[PDB]
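Taking it in order: structure first as structure tokens, then the write-up.
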Amino acid sequence: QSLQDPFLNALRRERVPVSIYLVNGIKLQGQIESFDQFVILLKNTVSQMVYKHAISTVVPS
Amino acid sequence: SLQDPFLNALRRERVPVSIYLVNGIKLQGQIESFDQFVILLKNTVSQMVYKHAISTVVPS
Amino acid sequence: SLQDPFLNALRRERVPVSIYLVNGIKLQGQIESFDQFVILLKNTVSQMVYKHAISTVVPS
Amino acid sequence: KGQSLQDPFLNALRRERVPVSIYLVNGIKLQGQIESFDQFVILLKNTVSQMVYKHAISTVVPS
Amino acid sequence: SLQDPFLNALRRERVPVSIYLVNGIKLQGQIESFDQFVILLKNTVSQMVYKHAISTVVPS
Amino acid sequence: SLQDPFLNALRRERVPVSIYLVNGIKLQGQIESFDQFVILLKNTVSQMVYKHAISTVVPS
RNA sequence: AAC
Numbered sequence: 005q006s007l008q009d010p011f012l013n014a015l016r017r018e019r020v021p022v023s024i025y026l027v028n029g030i031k032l033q034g035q036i037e038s039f040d041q042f043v044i045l046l047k048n049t050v051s052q053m054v055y056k057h058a059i060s061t062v063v064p065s
Numbered sequence: 006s007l008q009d010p011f012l013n014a015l016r017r018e019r020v021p022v023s024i025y026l027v028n029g030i031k032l033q034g035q036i037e038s039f040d041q042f043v044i045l046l047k048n049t050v051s052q053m054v055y056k057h058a059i060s061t062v063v064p065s
Numbered sequence: 006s007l008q009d010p011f012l013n014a015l016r017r018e019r020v021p022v023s024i025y026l027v028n029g030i031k032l033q034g035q036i037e038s039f040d041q042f043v044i045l046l047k048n049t050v051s052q053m054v055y056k057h058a059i060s061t062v063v064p065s
Numbered sequence: 003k004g005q006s007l008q009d010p011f012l013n014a015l016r017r018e019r020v021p022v023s024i025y026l027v028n029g030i031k032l033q034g035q036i037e038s039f040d041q042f043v044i045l046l047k048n049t050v051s052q053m054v055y056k057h058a059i060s061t062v063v064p065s
Numbered sequence: 006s007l008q009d010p011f012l013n014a015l016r017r018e019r020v021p022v023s024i025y026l027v028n029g030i031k032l033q034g035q036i037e038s039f040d041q042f043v044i045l046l047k048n049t050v051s052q053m054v055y056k057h058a059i060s061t062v063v064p065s
Numbered sequence: 006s007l008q009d010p011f012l013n014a015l016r017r018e019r020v021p022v023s024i025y026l027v028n029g030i031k032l033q034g035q036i037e038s039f040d041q042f043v044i045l046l047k048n049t050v051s052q053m054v055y056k057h058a059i060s061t062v063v064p065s
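Chains as they are written, first to last, in the authors' numbering: chain F, 5 to 65; chain E, 6 to 65; chain D, 6 to 65; chain C, 3 to 65; chain A, 6 to 65; chain B, 6 to 65.
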């Protein structure tokens, strides 16, 4: 986690808009509210739990 | 841990949820219960949903 | 484990169940048996279905 | 419970040389006989032996 | 472990890489860094790619 | 156990192989090395292939 | 939701 956690934490603390690309090709957008070992809590109009196993890539918007 | 308190608040307050599967299909219902690998999603009857097949869970 | 009760119930009742796979395939039959990683589904054939390929199990 | 079902099911097919179909999650159907398997792979023989990863397999069924 | 040397070699020599994903998508850039589960890919932006989503890593 | 002897015989004997990915793509070359998680495949270029993305390995 |  020596790279993943710092990467997600900096986006979380700064409240950067991010794009989360899922394996099926769908792109989600919002702010990272928090995360744990298996999930990311992504907030836009509502708070959704995204399973990391479904994510291909995370990048600031 | 963020997963379990998130699913518990939906379970206890019997909140209606959308579960999106990795193929894009949206399922809807109430979280009857969950464990390490599955979620039981009730409408009239419960179906068993494998977490490995879920991309997102969001209220309503 | 919620899987065992959920699946043992179906297995004993021999009721029809739909198994939806992660690729969108819908299988229809009876739950004949299961273990940690597979489910044996019975219709005109008995086929061994890997749980990793399953999204949902839905009583008919 | 563990491998109670999987391992006898595959062992029966192997022992009796039953022609099998293995459906991959991508939809592709493989056919042949199961010559052996371990924790992660199944060896399938048609004209030649190919190693199939269980992680890619959805269903196994007699042809 | 073959991953570390392979990926580090590509990091040290600044090699432009293609990261193919399991779903057909190609990402292109340089390996900025990596850990057990992710690879950081730098092109115009720095993106974090989950290894579970990657099929292959190759020079462009 | 079956996997390691299978792959080692292809590596040691430098046998041309075909590696099919879960999206159906066929890669070709020789296996230089492999570990728990990856296979290094040599053709014109050396590429790393994640085992989780492979469906089938067969001599070509 | 590809009986």
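The beta-carbon is built from N, C-alpha and C at its ideal position, and this holds for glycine as well.
Counted as a single uninterrupted DSSP element, the beta strand (DSSP E) harbouring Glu37 of chain F occupies residues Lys31 to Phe39. Against chain A, the CB of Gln33 of chain F has no partner CB under 9 Å away; the residue lies outside that interface.
Under the three-state reduction of DSSP, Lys3 of chain C is assigned to coil, being neither helix nor strand. Among the CB atoms of chain A, none fall inside 9 Å of the CB of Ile36 of chain B. As the crow flies, the alpha-carbon of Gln8 of chain B is around 26 Å from that of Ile24 of chain A. Interface annotation for the segment 13 to 33 of chain A against chain F: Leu26, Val27, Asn28, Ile30 and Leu32, criterion Cβ-Cβ distance under 8 Å. Taking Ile59 of chain D as reference, the option from D:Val43, D:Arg17 and D:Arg19 with the minimal CA-CA separation is D:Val43.
Looking only at C:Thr49, C:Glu18, C:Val27 and C:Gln41, the smallest Cα-Cα distance to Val62 of chain C is reached by C:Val27. Per DSSP, the beta bridge partners of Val22 of chain C are C:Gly34 and C:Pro64. Cβ proximity to chain C below 8 Å picks out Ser51, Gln52, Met53, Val54, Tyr55, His57 and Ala58 from the segment 51 to 62 of chain D. Around the CB of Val20 of chain A, fewer than 16 other CB atoms lie within 10 Å, so the residue is classed as exposed. Rounded to the nearest angstrom, the Cβ distance from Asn48 of chain C to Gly29 of chain C is 18 Å, too far for a contact under 8 Å.
Excluding residues up to 5 positions away in sequence, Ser23, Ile24 and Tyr25 lie with their Cβ nearer than 8 Å to the Cβ of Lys31 of chain E in the same chain. According to the DSSP assignment, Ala14 of chain B belongs to the alpha helix (DSSP H) that extends over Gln8 to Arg17. Taking CB atoms only, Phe11 of chain D has no neighbour in chain C less than 9 Å away. Taking a beta-carbon distance threshold of 9 Å, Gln8 of chain A does not count as an interface residue toward chain F. Residue pairing from DSSP leaves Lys56 of chain F without any beta-bridge partner. Annotation for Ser65 of chain C: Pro21, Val22, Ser23 and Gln33 place their beta carbon closer than 7 Å to its own, counting only its chain and skipping 5 residues before and after. Here the C-alpha atom of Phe39 of chain C lies approximately 45 Å from the C-alpha atom of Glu37 of chain F. Think of a sphere of 7 Å around the beta carbon of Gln41 of chain C: no beta carbon from chain D falls inside it, the nearest being about 10 Å out. DSSP, read as helix, strand or coil, puts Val43 of chain A in strand. Neighbourhood of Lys3 of chain C in chain D, by CB distance below 9 Å: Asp9, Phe39, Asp40 and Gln41, in chain order.
Burial state of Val50 of chain F is exposed, judged by a 10 Å Cβ sphere holding fewer than 16 other Cβ atoms.
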